[PDB]
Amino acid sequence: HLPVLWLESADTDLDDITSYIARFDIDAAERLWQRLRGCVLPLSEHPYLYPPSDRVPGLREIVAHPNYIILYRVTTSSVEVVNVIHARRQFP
């Protein structure tokens, strides 16, 4: 198994996205986190499962939710989550 890591920017995205939603729906915020974590955890076993990004060369794109995308890369020693972004908005 290859260790799954998170960039601080990715953690900050996580915090930003779930903060805005929670101001109106805490459970909708948790369900989104349970989905994002469920996409990133199995990367230890399938590091190259998702296609490489054409927007950001060198990264790979997970469409975890119709509105949210996880961008990650495989290094020499780990898989790093780079950013978690809104698929249609420049957010966060």
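Each residue number is its position in the shown sequence, starting from 1.
When the two stretches 9-17 and 73-81 are set side by side, the higher mean Cα temperature factor goes to 73-81.
Per-stretch averaging of Cα B factors for 64-72 and 20-28 places 20-28 on top. Compared with the other modelled residues of the chain, the Cα B-factor recorded for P51 ranks in the highest third. The PDB entry assigns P57 a C-alpha temperature factor belonging to the middle third of its chain's modelled residues.
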